[PDB]
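1. Show me the folded form of this:
(7 chains)
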Amino acid sequence: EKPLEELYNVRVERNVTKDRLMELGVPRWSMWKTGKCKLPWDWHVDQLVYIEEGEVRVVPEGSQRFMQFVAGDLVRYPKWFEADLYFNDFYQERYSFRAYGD
Amino acid sequence: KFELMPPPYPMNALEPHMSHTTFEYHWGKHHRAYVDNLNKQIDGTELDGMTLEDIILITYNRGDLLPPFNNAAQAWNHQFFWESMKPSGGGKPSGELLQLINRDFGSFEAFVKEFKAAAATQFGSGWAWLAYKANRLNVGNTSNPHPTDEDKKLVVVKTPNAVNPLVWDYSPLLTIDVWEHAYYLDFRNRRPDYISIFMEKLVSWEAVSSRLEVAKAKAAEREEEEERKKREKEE
Amino acid sequence: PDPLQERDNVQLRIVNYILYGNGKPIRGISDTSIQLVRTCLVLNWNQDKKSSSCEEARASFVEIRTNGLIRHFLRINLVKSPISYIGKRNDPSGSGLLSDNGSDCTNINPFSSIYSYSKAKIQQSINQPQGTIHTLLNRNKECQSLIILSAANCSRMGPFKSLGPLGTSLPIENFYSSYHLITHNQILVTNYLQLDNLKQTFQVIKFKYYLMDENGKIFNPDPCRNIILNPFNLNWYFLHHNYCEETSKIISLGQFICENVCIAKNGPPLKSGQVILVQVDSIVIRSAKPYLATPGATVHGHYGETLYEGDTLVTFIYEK
Amino acid sequence: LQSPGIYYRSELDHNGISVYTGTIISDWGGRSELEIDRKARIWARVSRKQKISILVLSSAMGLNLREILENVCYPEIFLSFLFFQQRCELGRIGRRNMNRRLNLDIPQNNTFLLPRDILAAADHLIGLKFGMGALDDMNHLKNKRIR
Amino acid sequence: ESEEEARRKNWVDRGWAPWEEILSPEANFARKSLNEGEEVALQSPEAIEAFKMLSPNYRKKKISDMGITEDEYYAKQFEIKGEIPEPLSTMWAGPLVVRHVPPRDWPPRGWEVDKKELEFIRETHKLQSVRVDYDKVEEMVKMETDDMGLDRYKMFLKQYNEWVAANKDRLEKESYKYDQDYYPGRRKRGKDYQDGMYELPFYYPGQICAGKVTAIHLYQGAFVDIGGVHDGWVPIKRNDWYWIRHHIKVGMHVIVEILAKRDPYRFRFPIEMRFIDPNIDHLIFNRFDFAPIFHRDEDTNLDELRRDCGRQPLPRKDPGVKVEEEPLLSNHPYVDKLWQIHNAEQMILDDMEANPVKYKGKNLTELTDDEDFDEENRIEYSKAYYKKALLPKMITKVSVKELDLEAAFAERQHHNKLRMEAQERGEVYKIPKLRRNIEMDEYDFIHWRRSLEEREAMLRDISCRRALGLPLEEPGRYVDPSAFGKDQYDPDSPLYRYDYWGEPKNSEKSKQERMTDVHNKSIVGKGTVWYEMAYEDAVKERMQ
Amino acid sequence: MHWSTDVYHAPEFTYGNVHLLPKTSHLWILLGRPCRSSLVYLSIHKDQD
Amino acid sequence: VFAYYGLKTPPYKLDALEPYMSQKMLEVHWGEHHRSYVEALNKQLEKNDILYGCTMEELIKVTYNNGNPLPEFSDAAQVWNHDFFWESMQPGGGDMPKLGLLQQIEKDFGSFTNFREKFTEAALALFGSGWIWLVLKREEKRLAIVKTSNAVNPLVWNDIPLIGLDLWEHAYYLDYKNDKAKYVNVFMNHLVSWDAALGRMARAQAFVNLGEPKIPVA
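-> Numbers count the residues shown, from 1 in each chain, chains lettered A, B, ... in the order given. Have a look at this structure:
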């Protein structure tokens, strides 16, 4: 019922504004890229991700259900979060690892 | 027996904006309590006789903060903070810095508005920082393949209570005291108003340039030591 | 050789040893020349100083197939003695009995979910017991155990034959008063407060209800009297405080009833047990079976012990 | 023939309270005896001599006195109290029987008189003295094997 | 232990309570008689009466003497022995002042109503900060009516009325599907559903309400009717009921206060409450830690479930390592496809390049490995080949479309020309890297930065948390290894393993012996090792 | 197991499960299915679920 | 738009506790910091409906997220804490706990002085801005002295707070800019309400029962 995101606390902003992104140094973030691959990652600190081209399906460990991300979104994955990240096509990604505080 | 430094600037009658009374409380009272306590604790200490930087590093003690870290960090923090202030000198620092700023923040103004945000980030006692990226990776695949320039970065961090980037080895340049004792008197909880003033009316931009120079020098020394290590490995 | 490589457990080493023993020359064949020095490569897992480690390594052929052309690179992989990943990041990518099988949710691709749908379709196991979990309070200090209760165990013995939210309390100007607890406790009042108003009738007061409007004025139709406002209607009605209750309980909760006893001359509760649910026209009983022990015997068990079938309950001593 | 395993017998005692005993049949045929008297004895009866210490055998295994205490229930009673070639091999049949009688779950490939077992045996031996136990019937066919 | 102490332990710990036993005319005889002895004249007075009552006539005659109807005898059998507690008297503290505040979470998730109205509704939430004084209340009381405007509440009331209309039906259908049989606390339906029964958005915590007890359960608690589709639960359990029964009975009229509202699907008893009118707090010693839930048919992930309920994390064994210091990870997922692809492209290109017949009739831009090939179909494991040994042989299909053949062919030419000049040189051509090889490092490169960025941050967090007095690892994910106990141990510390005394341990299991057998074949002479080297060291020696 | 009355509350000897009886009593065995639980289970299997 | 909103005046007059505390210190604390705290929350709340509808207790607890506070944690925690602080102080001070709390204090922590000593000492230690509290622990059924850095209240770990003090600098600076010991000593000796605590114990007794069951003899 509740979307999976709320349960797992991955807060997202959809279709982020250019002005908003003007703030927060969205530009100059480190970049990542992939084609078709699956990654198992456990985040030990929070990540702020501005995906752009990349599309990712996150299946929380054990789930038979997934969270799908497309276009321009900014997702803050939680500390201690463990999930599997699966992508079938081109990926772009900007990443800042925000520790406590910002 | 660490230095109870008399304040570097005239201090008392130095600035109209900062009260002499406020100064008396900040330096006269806090330092004195810190230093005697630091001294008291360091009585019979093998640690005694080390540098302040050494004692701070030592008692932070990595994962577990040990008993003496708090006192020392603050003593050092207070005087380092002191260095940043100027008798009415501020604005548009230029030199290596201006070149560095546009490289990162993109404008001196941009850095200023970015630094201004720190007022919000502390949420309590602490110190905001401007720092250098001479950072030692301590484990595993520590070395950087394709090692290249721009590795250097001018970084701004937020530290709660007793924290100095030395603990994580980022070279500190400038500091502000967000701990209420420092600004409460002149403005009662108006941290936004106090901040910009510090940013413009009283910060020795040149002291920060000197510090930047010192940091560049230290980084160079470190790379030289690395080259020495490489030579030893070759031989 | 690659610029970026990551530390790995496997330790490849090469051992070159002399062919023959020193001081003894073997005969040399005219056709084939002797090999003075030889070399070999060995694969040994890295071993911790504290615990010796023996390599567990197997090689299986793998092929890259393109237009029926085979790349004969058989990878050799080392299976770690530790069963599982410390962390998902460090995890082996594949952890399944069969790579081909798509039954596992992890095995099903995120991109194509057909295998996952098939797994979802399969029904849950019927092995489980379908009931309320009853936890043993007795075993709480020790390892706890569970009893699962169901219909087989509990049965409905007897077929047999104005109200709502009054409001929310308003915060208090005189905090020091003990008025904040809405009602007092007859036994525990003494510790909080000396009983000055105990002498007064209806304690401090009987029910006294006053409704406050959004504006701030208190409107009660009769201040001394108790009247209430029902929310939906918005009219005013009394609460039947007296309640008109005249109920006598023939069977009370927790009583144990033996067989062949009659509550009335109808419907004998033919089941021993403890009443566990009393409702208006029914009672539910959990089954029990009685056992008699004469003085001089032994009961093997503590009060809330779980006895499985076949376990001795009592021992009697008889004189032949 | 009798199967390898641990068997508990209660020998009625000539004086006062009855003695209890355990025994370990093996493929070799060596039998291992442990006994508890009215005063807790936990004494091996393998030696013709009356007293041999089961605890000493546990110490021979390198177990700490402290380690033993943590492992055994009924610690106080044992506190108050303060080969390999033949007997120590138990066949697969021998191991399974041991695991069933004294609940243990050492895996089947293991086929040895590992020390934990000896401790468990002592623990059961005292439980009988307090009433919590079963004395075995050796004529039952669960205890016999066919060649 | 004295009996007095033991009786305590059994009550507090193991649940003992001396409940009543209703027995047959014959069982009573049994309990009283056996005390005396065997085959002996019964002397105790109680026994003699028990003998006489095994006869039906004596019982009826005796009851008539007691002057009660037949029904009365039956009732006295079910009576409560022991001390009978005094009745409990209600003491009210001070007056009650209340306002009908609209439920805070009015919107049921998913119903949209006009915003301005909502804003109006939520104004009231602000008004509760005011403080009024009880003593002067009497004076302000206007017995008069018609001057009260609960406009905000009234607006909410209209709003709700619409809501009920829309989903009454949906709500009954949903219950039937997910709840088979009614138990107290679940939606009333059918003959049960009289209209006017309040629904769930109406109730919010903190409300004071009026009700009647409809049920008592020994292992769960009292159930009260508050005028709504769902009943309310006051939690009382087990031994406590021994005394509480004398004070809470079915059909009593009680006053209660809501302390929680929860979802019907996950939580068994939706509304939790406490008794206000009869204060029974002295008596409730045993309590529920977490509220009861339904483990429904659909859920497969325990972890997802823990989150919806509120329960602590499932435990895992604690890991010895501190990840404050651990090696960085420098490998890339997409790399797998590439090493598989760079070779794949080259292998197809090489086949055409090496053979003139293959080259003829072949177009670099477009080629097909097979007309019907499917990569998914190709994946397989085959043990048939026994050339070196019989073992699985995987097959991976490279989509012809995927391969960048034309680019490879162009690259190969430059490479073969280089090879041809090398042939003129007479020195075998060696190529250190190909662009594809360079790419491998490039895709790989981003990862080094990933670890770094994180690790650095982590360092920053460790310290931030360590000074802020916050939690380092999940509260509850990791538990002491020792606490889980009695697991079989490979080590000899729990003695699970066997150390050796007077022991051959002839069961090497060919752990080294089988390996030695293979060694002997390779190296029949037991030669001293003239040279030993690591592969990496050897590569370094070749480079330098 | 349940005994309302007539069984000595105190275990007979220091370390065992034997309780003796002063006068004649009935011991009741109440019926339910006994299942066994891991520490893992105990966290998500709670009372009255 | 706002719930858990509103500024609730302190129960006492703003300048009522004059000898011990200046009107100034009180006026500023309620007037500026507290008011700011409330307003902030309200706006933060407007955005998400789901968190609008939560018990205060629940809101503080939901937001903590087992150690990763969500963005809204601070405002709520601080408003609740400040409101609590106001119930703790009174138009007077307490020589000692009366009635039941005395029996408890004696049992769990020595004698009243013995307790004070632990209390004063613990108080000295906190480094930075934090609050100190006296609480009841549900599971172990004993009173305890607990110290939390920054915002965190003792509600987050399911304990029931009886009294609480603000060790944040703004609270004690105006009068004694650097006399820490003074604010502490005065409060305990002269500016705390024992009565309020006893009253709070009373509601607590519904949730945790301290006492012994009547065990029937049979």
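2. Get me the contact residues on chain E for chain A.
-> The interface of chain E toward chain A, taken as Cβ under 8 Å from any Cβ of the partner chain, is made up of E:300-304, E:307-308, E:323, E:333-334, E:336-337, E:443, E:446, E:449-450, E:453-454, E:456-458, E:460-461, E:464-465, E:468, E:470, E:474, E:477. C-beta here means a position set from N, CA and C on the backbone, and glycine is covered the same way.
3. Narrow the residues you listed to those that are buried.
-> Burial by neighbour count, judged by 16 or more other Cβ atoms under 10 Å in any protein chain shown, picks out E:302-304, E:307-308, E:323, E:333-334, E:337, E:443, E:446, E:450, E:453-454, E:456-458, E:460-461, E:464-465, E:468, E:470 from those.
4. ok, which of those also contact chain G?
-> Taking Cβ under 8 Å from any Cβ as the test, chain G is in contact with E:468, E:470 out of those.
5. Tell me how many other residues surround the residue nearest to residue B:204 when sequence neighbours are not counted.
-> With sequence-adjacent residues excluded and distances taken as Cβ to Cβ, 6 or more residues apart in numbering or on different chains, residue B:204 is closest to residue B:86, at 3.4 Å. A count of nearby residues for residue B:86, using other Cβ atoms under 10 Å in any protein chain shown, gives 19.
6. Could you do residue F:20 as well?
-> Using other Cβ under 10 Å, residue F:20 has 15 neighbouring residues.
7. Show me what it bridges to in the sheet.
-> Counting by DSSP bridges, residue F:20 is bridged to residue C:298.
8. Contact partners for it?
-> Under the criterion of Cβ atoms under 8 Å, 6 or more residues apart in numbering or on different chains, the neighbours of residue F:20 are C:297-299, F:7-8, F:12.
9. what do you get for residue B:112?
-> Contact partners of residue B:112, counting by Cβ under 8 Å, 6+ apart, are residue B:199.
10. Pretty sure it sits in a helix.
-> Yes - for residue B:112, which was evaluated using DSSP: H, G, I helix; E, B strand; the rest coil, the result is membership in a helix.
11. Helices along chain D, start to end?
-> When assigned using DSSP state H, the helices of chain D occupy the ranges D:54-59, D:65-71, D:75-80, D:92-101, D:115-129.
12. Give me every residue in chain B lying close to chain D.
-> Along chain B, not a single residue is adjacent to chain D under the rule Cβ under 8 Å from any Cβ.
13. Isn't residue G:22 up against residue G:172?
-> No - in this structure, residue G:22 sits apart from residue G:172 without contact. The criterion is Cβ atoms under 8 Å, and the distance is 10.9 Å.
14. for the residue nearest to residue C:34 when sequence neighbours are not counted, helix, strand, or coil?
-> In this structure, residue C:34 finds its nearest non-sequential neighbour in residue C:28, 5.0 Å apart by Cβ to Cβ, 6+ apart. Under the three-state scheme (three-state DSSP), residue C:28 adopts coil.
15. Next up, the contacts around residue 21.
-> By default, I'm working from chain A. Residue A:21 makes contact with A:27, A:50 under the criterion Cβ under 8 Å, 6+ apart.
16. should've been chain G
-> When contacts are counted by Cβ under 8 Å, 6+ apart, residue G:21 is found next to G:175, G:191.
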